[PDB]
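So this one's model_7.cif, mmCIF, C-alpha atoms and all ligand atoms:
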data_entry
#
loop_
_atom_site.label_atom_id
_atom_site.label_comp_id
_atom_site.auth_asym_id
_atom_site.auth_seq_id
_atom_site.Cartn_x
_atom_site.Cartn_y
_atom_site.Cartn_z
CA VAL E 586 2.00 62.07 -113.55
CA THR E 587 1.30 61.29 -117.28
CA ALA E 588 -1.35 58.74 -118.45
CA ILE E 589 -0.04 55.25 -119.52
CA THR E 590 -0.39 54.84 -123.37
CA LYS E 591 -2.00 52.00 -125.39
CA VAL E 592 1.52 51.19 -126.76
CA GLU E 593 3.01 50.81 -123.23
CA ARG E 594 0.05 48.50 -122.34
CA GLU E 595 0.39 46.45 -125.58
CA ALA E 596 4.18 45.83 -124.99
CA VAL E 597 3.29 44.02 -121.65
CA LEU E 598 0.25 42.23 -123.11
CA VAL E 599 2.37 40.50 -125.89
CA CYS E 600 4.52 38.76 -123.16
CA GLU E 601 3.22 35.13 -122.86
CA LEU E 602 5.81 33.79 -120.33
CA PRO E 603 5.96 30.36 -122.06
CA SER E 604 7.36 27.66 -119.65
CA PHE E 605 6.92 29.84 -116.43
CA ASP E 606 4.50 29.07 -113.56
CA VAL E 607 4.41 32.47 -111.75
CA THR E 608 2.50 30.74 -108.87
CA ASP E 609 5.33 28.22 -108.04
CA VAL E 610 7.68 28.54 -105.00
CA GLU E 611 10.59 27.62 -107.36
CA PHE E 612 9.64 30.28 -109.94
CA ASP E 613 12.93 31.89 -111.16
CA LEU E 614 12.63 35.66 -111.92
CA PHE E 615 16.32 35.80 -113.09
CA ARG E 616 15.53 33.06 -115.72
CA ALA E 617 12.39 35.11 -116.72
CA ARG E 618 14.57 38.28 -117.07
CA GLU E 619 17.13 36.31 -119.19
CA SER E 620 14.29 34.88 -121.42
CA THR E 621 13.81 38.07 -123.58
CA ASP E 622 15.50 41.42 -124.35
CA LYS E 623 12.49 43.29 -122.73
CA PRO E 624 12.88 42.15 -119.08
CA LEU E 625 10.86 45.17 -117.75
CA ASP E 626 7.88 44.06 -119.93
CA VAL E 627 8.23 40.41 -118.78
CA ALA E 628 8.40 41.64 -115.12
CA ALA E 629 5.24 43.76 -115.59
CA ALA E 630 3.53 40.73 -117.30
CA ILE E 631 4.44 38.56 -114.28
CA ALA E 632 2.84 41.09 -111.86
CA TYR E 633 -0.21 41.45 -114.16
CA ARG E 634 -0.69 37.64 -114.43
CA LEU E 635 -0.26 37.14 -110.61
CA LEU E 636 -2.89 39.86 -109.89
CA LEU E 637 -5.51 38.60 -112.49
CA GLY E 638 -4.82 34.95 -111.56
CA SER E 639 -5.75 35.69 -107.90
CA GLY E 640 -9.26 36.68 -109.17
CA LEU E 641 -9.08 39.64 -106.74
CA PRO E 642 -9.00 42.84 -108.88
CA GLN E 643 -12.21 41.70 -110.72
CA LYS E 644 -13.99 41.32 -107.31
CA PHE E 645 -13.14 44.93 -106.20
CA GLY E 646 -14.22 46.70 -109.42
CA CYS E 647 -10.64 47.02 -110.74
CA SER E 648 -10.55 46.59 -114.58
CA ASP E 649 -7.71 44.80 -116.43
CA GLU E 650 -6.70 48.18 -117.91
CA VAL E 651 -6.59 50.12 -114.58
CA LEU E 652 -4.57 47.20 -113.07
CA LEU E 653 -2.07 47.35 -115.94
CA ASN E 654 -1.90 51.20 -115.77
CA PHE E 655 -1.11 50.90 -112.00
CA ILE E 656 1.65 48.33 -112.67
CA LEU E 657 3.25 50.60 -115.36
CA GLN E 658 2.94 53.76 -113.15
CA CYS E 659 4.80 51.76 -110.37
CA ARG E 660 7.37 50.56 -112.93
CA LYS E 661 8.16 54.19 -114.10
CA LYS E 662 9.13 55.11 -110.49
CA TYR E 663 11.79 52.37 -109.97
CA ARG E 664 15.40 53.32 -110.72
CA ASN E 665 18.23 51.40 -112.41
CA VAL E 666 19.86 50.29 -109.08
CA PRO E 667 21.28 46.79 -108.58
CA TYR E 668 18.75 45.50 -105.95
CA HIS E 669 15.88 47.99 -105.09
CA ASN E 670 14.57 48.09 -108.67
CA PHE E 671 11.28 46.89 -110.28
CA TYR E 672 12.53 43.23 -110.23
CA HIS E 673 12.70 43.35 -106.37
CA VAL E 674 9.04 44.51 -105.98
CA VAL E 675 7.79 42.01 -108.61
CA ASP E 676 9.76 39.29 -106.74
CA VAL E 677 8.11 40.41 -103.43
CA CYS E 678 4.60 40.37 -105.12
CA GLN E 679 5.27 36.82 -106.53
CA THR E 680 6.68 35.69 -103.15
CA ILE E 681 3.65 37.04 -101.20
CA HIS E 682 1.36 35.26 -103.74
CA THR E 683 3.12 31.97 -102.74
CA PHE E 684 2.80 32.74 -98.97
CA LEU E 685 -0.92 33.54 -99.41
CA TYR E 686 -1.86 30.62 -101.75
CA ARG E 687 0.85 27.86 -101.39
CA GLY E 688 1.31 28.67 -97.66
CA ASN E 689 -2.48 29.08 -97.06
CA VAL E 690 -1.97 32.46 -95.32
CA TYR E 691 -5.02 33.67 -97.44
CA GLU E 692 -7.11 31.77 -94.78
CA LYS E 693 -6.06 34.40 -92.13
CA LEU E 694 -7.15 37.44 -94.23
CA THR E 695 -10.11 38.82 -96.18
CA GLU E 696 -10.03 38.88 -100.00
CA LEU E 697 -9.56 42.70 -99.72
CA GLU E 698 -6.48 42.19 -97.45
CA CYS E 699 -5.01 39.69 -99.98
CA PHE E 700 -5.61 42.19 -102.85
CA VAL E 701 -4.01 45.03 -100.82
CA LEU E 702 -0.94 42.89 -99.98
CA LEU E 703 -0.30 42.00 -103.67
CA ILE E 704 -0.76 45.69 -104.70
CA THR E 705 1.34 46.91 -101.71
CA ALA E 706 4.27 44.70 -102.84
CA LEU E 707 4.52 46.74 -106.06
CA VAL E 708 4.56 50.17 -104.26
CA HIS E 709 6.71 49.27 -101.24
CA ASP E 710 10.11 50.62 -102.50
CA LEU E 711 8.98 53.35 -105.00
CA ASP E 712 11.85 55.67 -106.12
CA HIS E 713 14.50 53.82 -103.99
CA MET E 714 17.93 55.30 -104.97
CA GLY E 715 19.98 52.34 -103.55
CA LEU E 716 20.80 54.25 -100.29
CA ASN E 717 19.32 53.18 -96.90
CA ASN E 718 17.71 55.43 -94.22
CA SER E 719 21.09 55.71 -92.40
CA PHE E 720 22.78 57.27 -95.46
CA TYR E 721 20.21 60.17 -95.55
CA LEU E 722 20.55 60.83 -91.77
CA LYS E 723 24.41 60.51 -91.64
CA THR E 724 24.95 62.86 -94.63
CA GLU E 725 22.22 65.33 -93.39
CA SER E 726 20.70 65.16 -96.90
CA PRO E 727 17.53 67.30 -97.38
CA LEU E 728 15.22 64.22 -97.15
CA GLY E 729 17.11 63.23 -93.94
CA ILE E 730 16.67 66.74 -92.47
CA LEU E 731 12.90 66.68 -93.34
CA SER E 732 12.50 63.22 -91.68
CA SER E 733 14.34 64.45 -88.51
CA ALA E 734 12.40 67.81 -88.48
CA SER E 735 8.99 66.05 -88.98
CA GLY E 736 9.70 63.35 -86.33
CA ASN E 737 9.75 60.18 -88.54
CA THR E 738 13.16 58.43 -89.09
CA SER E 739 11.59 55.98 -91.66
CA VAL E 740 13.01 58.25 -94.39
CA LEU E 741 12.46 55.99 -97.40
CA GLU E 742 9.24 54.23 -96.24
CA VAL E 743 7.40 57.57 -95.82
CA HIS E 744 8.71 58.59 -99.31
CA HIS E 745 7.43 55.32 -100.90
CA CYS E 746 3.98 55.91 -99.30
CA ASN E 747 3.86 59.51 -100.72
CA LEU E 748 4.43 58.21 -104.24
CA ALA E 749 1.93 55.29 -103.82
CA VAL E 750 -0.76 57.90 -102.80
CA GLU E 751 0.19 60.02 -105.89
CA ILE E 752 -0.30 56.97 -108.25
CA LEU E 753 -3.64 56.05 -106.63
CA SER E 754 -4.93 59.70 -106.82
CA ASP E 755 -5.74 59.26 -110.60
CA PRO E 756 -8.78 56.97 -111.33
CA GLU E 757 -6.93 55.58 -114.44
CA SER E 758 -4.33 53.89 -112.08
CA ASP E 759 -6.38 53.57 -108.82
CA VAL E 760 -6.76 49.75 -108.21
CA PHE E 761 -8.90 50.82 -105.17
CA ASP E 762 -11.32 53.09 -107.15
CA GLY E 763 -13.98 50.32 -106.91
CA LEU E 764 -13.97 50.74 -103.09
CA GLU E 765 -15.74 53.35 -100.91
CA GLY E 766 -16.22 54.24 -97.23
CA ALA E 767 -14.62 51.90 -94.66
CA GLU E 768 -13.23 49.43 -97.32
CA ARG E 769 -11.36 52.21 -99.21
CA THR E 770 -10.00 53.61 -95.90
CA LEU E 771 -8.87 50.08 -94.87
CA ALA E 772 -7.16 49.55 -98.26
CA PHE E 773 -5.11 52.82 -97.96
CA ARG E 774 -4.40 52.50 -94.20
CA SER E 775 -3.31 48.80 -94.47
CA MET E 776 -1.14 49.55 -97.54
CA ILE E 777 0.55 52.47 -95.69
CA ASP E 778 0.93 50.51 -92.37
CA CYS E 779 2.52 47.61 -94.36
CA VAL E 780 5.05 49.89 -96.18
CA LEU E 781 5.97 51.71 -92.89
CA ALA E 782 6.49 48.25 -91.22
CA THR E 783 9.23 47.35 -93.83
CA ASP E 784 11.70 49.68 -91.97
CA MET E 785 14.20 47.11 -90.52
CA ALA E 786 14.76 49.38 -87.45
CA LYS E 787 11.21 48.23 -86.47
CA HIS E 788 11.98 44.50 -87.20
CA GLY E 789 12.08 43.18 -83.60
CA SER E 790 9.10 45.27 -82.34
CA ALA E 791 6.91 44.22 -85.36
CA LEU E 792 7.82 40.53 -84.97
CA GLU E 793 7.21 40.68 -81.17
CA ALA E 794 3.77 42.38 -81.60
CA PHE E 795 2.69 39.77 -84.22
CA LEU E 796 3.84 36.83 -82.03
CA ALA E 797 2.00 38.28 -78.95
CA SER E 798 -1.22 38.80 -81.03
CA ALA E 799 -0.99 35.24 -82.58
CA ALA E 800 -0.55 33.67 -79.08
CA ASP E 801 -3.61 35.64 -77.72
CA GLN E 802 -6.97 34.00 -78.60
CA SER E 803 -8.59 37.34 -77.44
CA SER E 804 -6.44 39.57 -79.69
CA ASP E 805 -8.44 42.33 -81.41
CA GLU E 806 -9.32 40.74 -84.80
CA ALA E 807 -8.74 43.92 -86.90
CA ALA E 808 -5.31 44.37 -85.14
CA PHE E 809 -4.36 40.64 -85.78
CA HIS E 810 -5.29 41.05 -89.48
CA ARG E 811 -3.21 44.25 -89.83
CA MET E 812 -0.17 42.68 -88.10
CA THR E 813 -0.53 39.54 -90.29
CA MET E 814 -0.42 41.83 -93.38
CA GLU E 815 2.64 43.70 -92.02
CA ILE E 816 4.41 40.40 -91.22
CA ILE E 817 3.65 39.00 -94.71
CA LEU E 818 5.08 42.09 -96.47
CA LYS E 819 8.16 41.91 -94.16
CA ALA E 820 8.43 38.14 -94.93
CA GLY E 821 8.31 38.86 -98.68
CA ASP E 822 10.90 41.62 -98.28
CA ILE E 823 13.47 39.28 -96.51
CA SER E 824 12.45 36.14 -98.53
CA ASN E 825 15.68 35.99 -100.72
CA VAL E 826 17.17 33.30 -98.34
CA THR E 827 13.96 31.17 -98.68
CA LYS E 828 14.51 30.70 -102.46
CA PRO E 829 16.44 27.90 -104.27
CA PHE E 830 20.18 28.41 -103.63
CA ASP E 831 21.14 29.85 -107.07
CA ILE E 832 18.23 32.39 -106.98
CA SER E 833 19.20 33.23 -103.33
CA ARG E 834 22.82 33.78 -104.43
CA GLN E 835 21.96 36.07 -107.40
CA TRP E 836 19.84 38.29 -105.02
CA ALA E 837 22.74 38.32 -102.47
CA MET E 838 25.17 39.57 -105.18
CA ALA E 839 22.75 42.36 -106.24
CA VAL E 840 22.34 43.43 -102.54
CA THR E 841 26.16 43.47 -101.97
CA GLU E 842 26.76 45.58 -105.10
CA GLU E 843 24.09 48.11 -103.98
CA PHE E 844 25.68 48.25 -100.48
CA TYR E 845 29.20 48.70 -102.05
CA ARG E 846 27.92 51.66 -104.17
CA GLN E 847 26.49 53.23 -100.96
CA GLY E 848 29.87 52.66 -99.16
CA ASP E 849 31.69 54.29 -102.11
CA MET E 850 29.44 57.42 -101.81
CA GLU E 851 29.84 57.49 -97.99
CA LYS E 852 33.69 57.37 -98.45
CA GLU E 853 33.58 60.37 -100.92
CA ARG E 854 31.33 62.33 -98.38
CA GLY E 855 33.63 61.29 -95.45
CA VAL E 856 30.88 59.65 -93.25
CA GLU E 857 31.00 56.26 -91.40
CA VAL E 858 31.20 53.18 -93.76
CA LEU E 859 30.01 49.87 -92.15
CA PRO E 860 32.19 46.82 -93.06
CA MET E 861 29.22 45.29 -95.03
CA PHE E 862 29.32 48.42 -97.34
CA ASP E 863 33.15 48.53 -97.84
CA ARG E 864 34.47 47.04 -101.16
CA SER E 865 37.98 46.93 -99.58
CA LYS E 866 36.72 44.75 -96.68
CA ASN E 867 36.16 41.95 -99.30
CA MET E 868 33.76 40.12 -96.92
CA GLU E 869 32.82 36.59 -98.21
CA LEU E 870 29.20 36.09 -99.53
CA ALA E 871 28.98 32.69 -97.63
CA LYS E 872 29.71 34.26 -94.21
CA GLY E 873 27.32 37.22 -94.85
CA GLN E 874 24.46 34.85 -95.93
CA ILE E 875 25.07 32.52 -92.93
CA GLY E 876 25.12 35.59 -90.62
CA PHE E 877 21.82 36.95 -92.07
CA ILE E 878 20.28 33.43 -91.83
CA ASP E 879 21.40 32.89 -88.20
CA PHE E 880 20.59 36.34 -86.69
CA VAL E 881 17.60 37.55 -88.83
CA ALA E 882 15.91 35.16 -91.32
CA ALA E 883 15.91 31.70 -89.60
CA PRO E 884 14.48 33.03 -86.29
CA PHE E 885 11.92 35.24 -88.15
CA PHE E 886 10.58 32.45 -90.40
CA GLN E 887 10.74 29.79 -87.62
CA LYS E 888 8.85 32.02 -85.11
CA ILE E 889 6.01 33.08 -87.52
CA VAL E 890 5.61 29.52 -88.86
CA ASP E 891 5.38 28.06 -85.32
CA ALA E 892 3.15 30.87 -84.04
CA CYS E 893 0.51 30.75 -86.72
CA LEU E 894 1.66 30.31 -90.38
CA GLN E 895 2.22 26.51 -90.37
CA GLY E 896 1.67 26.30 -94.16
CA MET E 897 4.91 28.35 -94.73
CA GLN E 898 7.09 25.51 -93.20
CA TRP E 899 8.87 25.26 -96.64
CA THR E 900 10.60 28.64 -95.92
CA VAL E 901 12.28 27.27 -92.71
CA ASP E 902 13.26 24.08 -94.65
CA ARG E 903 14.83 26.06 -97.57
CA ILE E 904 16.71 28.41 -95.21
CA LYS E 905 18.15 25.33 -93.42
CA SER E 906 19.10 23.82 -96.85
CA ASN E 907 20.64 27.16 -98.02
CA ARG E 908 22.65 27.50 -94.74
CA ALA E 909 24.00 23.89 -95.28
CA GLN E 910 24.99 24.77 -98.86
CA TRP E 911 26.89 27.97 -97.74
CA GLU E 912 28.58 25.76 -95.08
CA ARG E 913 29.73 23.44 -97.98
CA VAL E 914 31.13 26.57 -99.74
CA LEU E 915 33.17 27.35 -96.57
CA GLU E 916 34.13 23.63 -96.01
CA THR E 917 35.54 23.30 -99.61
CA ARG E 918 37.29 26.72 -99.87
MG MG W 1 12.20 49.16 -98.53
ZN ZN W 2 11.89 45.92 -100.39
#
Kindly transcribe the structure held in the file into structure tokens.
Amino acid sequence: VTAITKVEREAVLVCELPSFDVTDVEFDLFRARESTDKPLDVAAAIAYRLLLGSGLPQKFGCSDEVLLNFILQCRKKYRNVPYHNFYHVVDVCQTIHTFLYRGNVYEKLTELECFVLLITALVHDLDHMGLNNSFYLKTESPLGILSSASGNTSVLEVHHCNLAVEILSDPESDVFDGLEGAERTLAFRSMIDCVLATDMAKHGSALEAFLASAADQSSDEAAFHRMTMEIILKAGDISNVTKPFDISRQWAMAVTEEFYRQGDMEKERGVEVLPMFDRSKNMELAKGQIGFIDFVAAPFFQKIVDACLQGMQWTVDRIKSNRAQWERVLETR
């Protein structure tokens, strides 16, 4: 992987983000992308500002330049897909920053854990091609065959981890180069455990383990910390429904288009197409958002908030407000 140039760095550094508070729960990444004709530079400047603003990189021997090289090495490995692109991982980074610092989840974790979570956000979907794990297994693609042969069905999550390790293997983009011994091991292991926990096939088991640890005053402390990190990266990853309605809706449209493009490819390869992925099904956004709220997001956010993360109550409130707004879309159709 090629060194990041001075010119690439300088193109991010000129972005001043006038009128944006990247720390705010109502921060609007779509408005930031519309603000200039260099949205990839603005997105990188958001991630850079969130990471320096935390004060964390400085504390772990990570220079401004190495941090920016890391961000641009991550950026080069996202594809032009509708949803799982650089804007998604910057959104997850910004969202996690709000959970940590507006939701006071930083109180549950060490500074190192907080740093790892923010850095993990940016690696967690590296080289996503807008196809889910099921597509690779159903089509017996080479990556699918390798996952089956090697005994790990988390096809994409293992791939993202491989590319994160590649980026961090060069000192010029290793945000963990300031660490050694146990701290460096913890940074890599916790980053990798977090990315592997984003596989939605593990959703219920991950949530259940976190809830049982939070309820147990004798839980192993290292295990509680790791599960809190995993749960925060999962929370960031399914946070679209916790955002103001019009942000929530723009994410939902990007997701649907990505799913439709998968369904198109599955049709042309003659494998099973789920109704969600079928253009011709014409399923209404309102009903899909209400369904995802009722069966996945509202129970997830309500359970973690009640178990332990009381400061993230605003997520449960916004989901309830977004569900009521989708209900008004159905009521007036
Ligand atoms: Mg993912
Ligand atoms: Zn993701």
Each residue of range 753-828 of chain E lying at most 12 Å from range 659-666 of chain E should get a row with its shortest atom-to-atom pair and the distance in Å to one decimal, counting all atoms listed in the file; could you produce that, ordered by chain and increasing number, as a tab-separated table?
residue	atom	partner	partner_atom	distance
E:753	CA	E:659	CA	10.2
E:758	CA	E:659	CA	9.5
E:759	CA	E:659	CA	11.4
E:760	CA	E:659	CA	11.9
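Among the candidates E:791, E:641, E:893, E:675, the residue lying nearest to ligand ZN 2 (chain W) is E:675 (atoms considered: only C-alpha atoms and all ligand atoms).
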Find the axis-aligned box for range 662-679 of chain E, covering all its listed atoms and adding 5 Å on each side, and write its centre and edge lengths in Å to one decimal as JSON.
{"center_x": 12.9, "center_y": 46.0, "center_z": -107.9, "size_x": 26.7, "size_y": 28.3, "size_z": 19.0}
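The residue that comes closest to residue 728 in chain E, out of E:851, E:626, E:742, E:778 and on the basis of only C-alpha atoms, is E:742.
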*For range 801-809 of chain E, work out the shell of residues within 12 Å, counting all atoms listed in the file and skipping chain neighbours fewer than 5 positions away, then give it as a PyMOL selection string.*
chain E and resi 693-695+698+771+775+778+791+794-796+814-816+892-893
*asked:* Considering only C-alpha atoms, can you say which of E:754, E:827, E:643, E:841 comes closest to residue 887 in chain E?
replied: E:827
What are the nearest atom pairs, with distances in Å to one decimal, for all residues of chain E that come at most 9 Å from ligand ZN 2 (chain W), using only C-alpha atoms and all ligand atoms, set out by chain and rising residue number as JSON lines?
{"residue": "E:668", "atom": "CA", "partner": "W:ZN2", "partner_atom": "ZN", "distance": 8.8}
{"residue": "E:669", "atom": "CA", "partner": "W:ZN2", "partner_atom": "ZN", "distance": 6.5}
{"residue": "E:670", "atom": "CA", "partner": "W:ZN2", "partner_atom": "ZN", "distance": 9.0}
{"residue": "E:673", "atom": "CA", "partner": "W:ZN2", "partner_atom": "ZN", "distance": 6.6}
{"residue": "E:674", "atom": "CA", "partner": "W:ZN2", "partner_atom": "ZN", "distance": 6.4}
{"residue": "E:677", "atom": "CA", "partner": "W:ZN2", "partner_atom": "ZN", "distance": 7.3}
{"residue": "E:706", "atom": "CA", "partner": "W:ZN2", "partner_atom": "ZN", "distance": 8.1}
{"residue": "E:709", "atom": "CA", "partner": "W:ZN2", "partner_atom": "ZN", "distance": 6.2}
{"residue": "E:710", "atom": "CA", "partner": "W:ZN2", "partner_atom": "ZN", "distance": 5.5}
{"residue": "E:780", "atom": "CA", "partner": "W:ZN2", "partner_atom": "ZN", "distance": 9.0}
{"residue": "E:783", "atom": "CA", "partner": "W:ZN2", "partner_atom": "ZN", "distance": 7.2}
{"residue": "E:818", "atom": "CA", "partner": "W:ZN2", "partner_atom": "ZN", "distance": 8.7}
{"residue": "E:819", "atom": "CA", "partner": "W:ZN2", "partner_atom": "ZN", "distance": 8.3}
{"residue": "E:821", "atom": "CA", "partner": "W:ZN2", "partner_atom": "ZN", "distance": 8.1}
{"residue": "E:822", "atom": "CA", "partner": "W:ZN2", "partner_atom": "ZN", "distance": 4.9}
{"residue": "E:823", "atom": "CA", "partner": "W:ZN2", "partner_atom": "ZN", "distance": 7.9}
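Distance annotation: of E:739, E:732, E:689, E:680, the residue with the minimal separation from ligand MG 1 (chain W) is E:739; atom set is all atoms listed in the file.
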*asked:* Could you list, as a PyMOL selection string, every residue within 12 Å of residue 606 in chain E, counting only C-alpha atoms and ignoring same-chain residues fewer than 2 positions away?
replied: chain E and resi 601-604+608-614+616-617+631+634-635+638+679+683
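Between ligand MG 1 (chain W) and the candidates E:768, E:619, E:649, E:784, the tightest atom-to-atom separation, counting all atoms listed in the file, involves E:784.
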Some atoms are absent from range 608-633 of chain E, so rebuild N, CA and C atoms and return them as an mmCIF file, in the frame of the given file.
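What follows is the written file rebuild_32.cif:
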data_model
loop_
_atom_site.group_PDB
_atom_site.id
_atom_site.type_symbol
_atom_site.label_atom_id
_atom_site.label_comp_id
_atom_site.auth_asym_id
_atom_site.auth_seq_id
_atom_site.Cartn_x
_atom_site.Cartn_y
_atom_site.Cartn_z
ATOM 1 N N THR E 608 3.070 31.090 -110.199
ATOM 2 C CA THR E 608 2.500 30.740 -108.870
ATOM 3 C C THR E 608 3.433 29.824 -108.065
ATOM 4 N N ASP E 609 4.536 29.332 -108.637
ATOM 5 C CA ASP E 609 5.330 28.220 -108.040
ATOM 6 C C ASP E 609 6.390 28.780 -107.086
ATOM 7 N N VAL E 610 6.648 28.083 -105.979
ATOM 8 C CA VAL E 610 7.680 28.540 -105.000
ATOM 9 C C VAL E 610 9.078 28.447 -105.617
ATOM 10 N N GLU E 611 9.261 27.718 -106.721
ATOM 11 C CA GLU E 611 10.590 27.620 -107.360
ATOM 12 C C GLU E 611 10.609 28.462 -108.627
ATOM 13 N N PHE E 612 9.584 29.278 -108.848
ATOM 14 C CA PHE E 612 9.640 30.280 -109.940
ATOM 15 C C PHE E 612 10.942 31.078 -109.876
ATOM 16 N N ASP E 613 11.572 31.291 -111.035
ATOM 17 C CA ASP E 613 12.930 31.890 -111.160
ATOM 18 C C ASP E 613 12.821 33.199 -111.955
ATOM 19 N N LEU E 614 12.749 34.342 -111.266
ATOM 20 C CA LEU E 614 12.630 35.660 -111.920
ATOM 21 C C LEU E 614 13.904 35.994 -112.704
ATOM 22 N N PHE E 615 15.085 35.554 -112.285
ATOM 23 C CA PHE E 615 16.320 35.800 -113.090
ATOM 24 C C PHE E 615 16.229 35.059 -114.436
ATOM 25 N N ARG E 616 15.737 33.819 -114.443
ATOM 26 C CA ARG E 616 15.530 33.060 -115.720
ATOM 27 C C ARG E 616 14.499 33.806 -116.576
ATOM 28 N N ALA E 617 13.385 34.269 -115.996
ATOM 29 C CA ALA E 617 12.390 35.110 -116.720
ATOM 30 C C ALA E 617 13.031 36.372 -117.292
ATOM 31 N N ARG E 618 13.889 37.073 -116.560
ATOM 32 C CA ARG E 618 14.570 38.280 -117.070
ATOM 33 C C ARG E 618 15.538 37.893 -118.195
ATOM 34 N N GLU E 619 16.189 36.732 -118.109
ATOM 35 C CA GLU E 619 17.130 36.310 -119.190
ATOM 36 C C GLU E 619 16.378 35.840 -120.451
ATOM 37 N N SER E 620 15.081 35.551 -120.360
ATOM 38 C CA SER E 620 14.290 34.880 -121.420
ATOM 39 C C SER E 620 14.042 35.784 -122.631
ATOM 40 N N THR E 621 14.130 37.104 -122.487
ATOM 41 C CA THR E 621 13.810 38.070 -123.580
ATOM 42 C C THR E 621 14.718 39.272 -123.414
ATOM 43 N N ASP E 622 14.674 40.189 -124.368
ATOM 44 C CA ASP E 622 15.500 41.420 -124.350
ATOM 45 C C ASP E 622 14.624 42.573 -123.847
ATOM 46 N N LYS E 623 13.407 42.283 -123.358
ATOM 47 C CA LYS E 623 12.490 43.290 -122.730
ATOM 48 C C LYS E 623 12.130 42.843 -121.314
ATOM 49 N N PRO E 624 13.125 42.710 -120.413
ATOM 50 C CA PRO E 624 12.880 42.150 -119.080
ATOM 51 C C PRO E 624 11.881 42.990 -118.247
ATOM 52 N N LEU E 625 11.798 44.286 -118.499
ATOM 53 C CA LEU E 625 10.860 45.170 -117.750
ATOM 54 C C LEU E 625 9.423 44.844 -118.169
ATOM 55 N N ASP E 626 9.221 44.420 -119.412
ATOM 56 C CA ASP E 626 7.880 44.060 -119.930
ATOM 57 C C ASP E 626 7.483 42.706 -119.339
ATOM 58 N N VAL E 627 8.402 41.754 -119.387
ATOM 59 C CA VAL E 627 8.230 40.410 -118.780
ATOM 60 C C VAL E 627 7.906 40.566 -117.286
ATOM 61 N N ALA E 628 8.578 41.466 -116.583
ATOM 62 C CA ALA E 628 8.400 41.640 -115.120
ATOM 63 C C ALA E 628 6.989 42.183 -114.874
ATOM 64 N N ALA E 629 6.569 43.146 -115.700
ATOM 65 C CA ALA E 629 5.240 43.760 -115.590
ATOM 66 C C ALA E 629 4.198 42.690 -115.930
ATOM 67 N N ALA E 630 4.477 41.787 -116.873
ATOM 68 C CA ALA E 630 3.530 40.730 -117.300
ATOM 69 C C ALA E 630 3.392 39.685 -116.197
ATOM 70 N N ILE E 631 4.465 39.464 -115.458
ATOM 71 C CA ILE E 631 4.440 38.560 -114.280
ATOM 72 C C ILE E 631 3.484 39.152 -113.240
ATOM 73 N N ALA E 632 3.658 40.418 -112.896
ATOM 74 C CA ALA E 632 2.840 41.090 -111.860
ATOM 75 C C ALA E 632 1.372 41.096 -112.310
ATOM 76 N N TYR E 633 1.152 41.390 -113.590
ATOM 77 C CA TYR E 633 -0.210 41.450 -114.160
ATOM 78 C C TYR E 633 -0.875 40.075 -114.049
#
